[PDB]
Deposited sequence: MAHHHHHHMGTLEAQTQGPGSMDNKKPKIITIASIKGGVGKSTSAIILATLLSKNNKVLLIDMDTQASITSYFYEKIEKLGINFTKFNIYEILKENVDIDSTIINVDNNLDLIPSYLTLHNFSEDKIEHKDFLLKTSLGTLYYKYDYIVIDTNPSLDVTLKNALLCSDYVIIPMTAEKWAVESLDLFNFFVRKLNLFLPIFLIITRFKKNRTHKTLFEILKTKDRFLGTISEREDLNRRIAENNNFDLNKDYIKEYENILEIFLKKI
C-alpha cells in the first residue's frame, strides 16, 4: 500500500505547493510517486503546464474534480511529468465541489485511490488552504500530513485549529511541521522556539541549489521519524 502524505496549510503564501513539488520530486528519485493537485488554485498543475501542453492532455475533462464526480476513471487522468513522478491535475471546476450535493462525499477520493494505489510507493496530495470538504477527502486517505508554515501572526492558533479539525474527523493522523521563509537574522524567533521542542518538527527552509539541500534534509528527517 502507498504511503499517503497530504501537504496542507490553512494560511496562504507559505510555499505549500512548492514544498509539495520538491518533496515529491525528491521521493521520486528512488520511489514511484503520484502527485495529486487537489488545490482549486492549481499551482502544481500550472508549474507542470508546459509539459502537459506538449502531451496535449485535455485536463478540462481529465482532472481531480471529474474523478470525484465519477465522470472519469482515475487512471485516465494520470500524467507522467518526471521520472517516477505522475500527476493528477487540477482545474478550476474543483471550485464547485464544496457545493455539489453528493452521498458519502467525504470518502470519494479514498474510494477512487483504492482502485489504483498499488502501483505507487508514495502519493503526495496538495490541498487548498481552507478547512473544507476537499481537504477532508485528502485527510481521510492519508497516513501523514506535512504543514509548511511561516513566522506570522496567528501561526500557532492556525495550527491548533487544523489539529482540532483532524480530531473531529476521527483520525489518528500524525502532522509534521516545517518553518518556511526562515530568517536566520530574525530578532524574535518566537515560532521556532515553540516548534523546535515538538517531536514532529522537521526543520526550517531559509528565505543543485542550497534550497534543494534544505528540503533533502527535511525529507531525510521525516523519513527517519516515521
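Stretches of the deposited sequence left without coordinates are 1 to 25, 233 to 248, in sequence order.
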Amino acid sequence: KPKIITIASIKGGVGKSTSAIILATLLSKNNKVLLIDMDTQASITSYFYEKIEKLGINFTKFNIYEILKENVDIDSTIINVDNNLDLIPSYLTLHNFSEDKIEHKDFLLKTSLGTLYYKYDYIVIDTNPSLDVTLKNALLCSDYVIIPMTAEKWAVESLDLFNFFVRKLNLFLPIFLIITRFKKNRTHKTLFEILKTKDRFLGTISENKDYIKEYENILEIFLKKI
From here on, numbers count along this sequence of modelled residues.
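Taking the PDB entry as given, 53 to 61 carries the higher mean Cα B factor of the two stretches 29 to 37 and 53 to 61. Looking at 116 to 124 and 131 to 139 together, the entry lists the larger mean B-factor for 116 to 124, computed on C-alpha atoms. In the deposited entry, the Cα temperature factor of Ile21 sits in the bottom third of values across the chain's modelled residues. When the modelled residues of the chain are ordered by C-alpha B-factor, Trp154 sits in the highest third.
The deposited CA B-factor of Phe162 belongs to the middle third of values across its chain. Sort the modelled residues of the chain by CA B factor and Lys69 lands in the middle third. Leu169: CA B factor lies in the highest third for its chain, per the PDB record.
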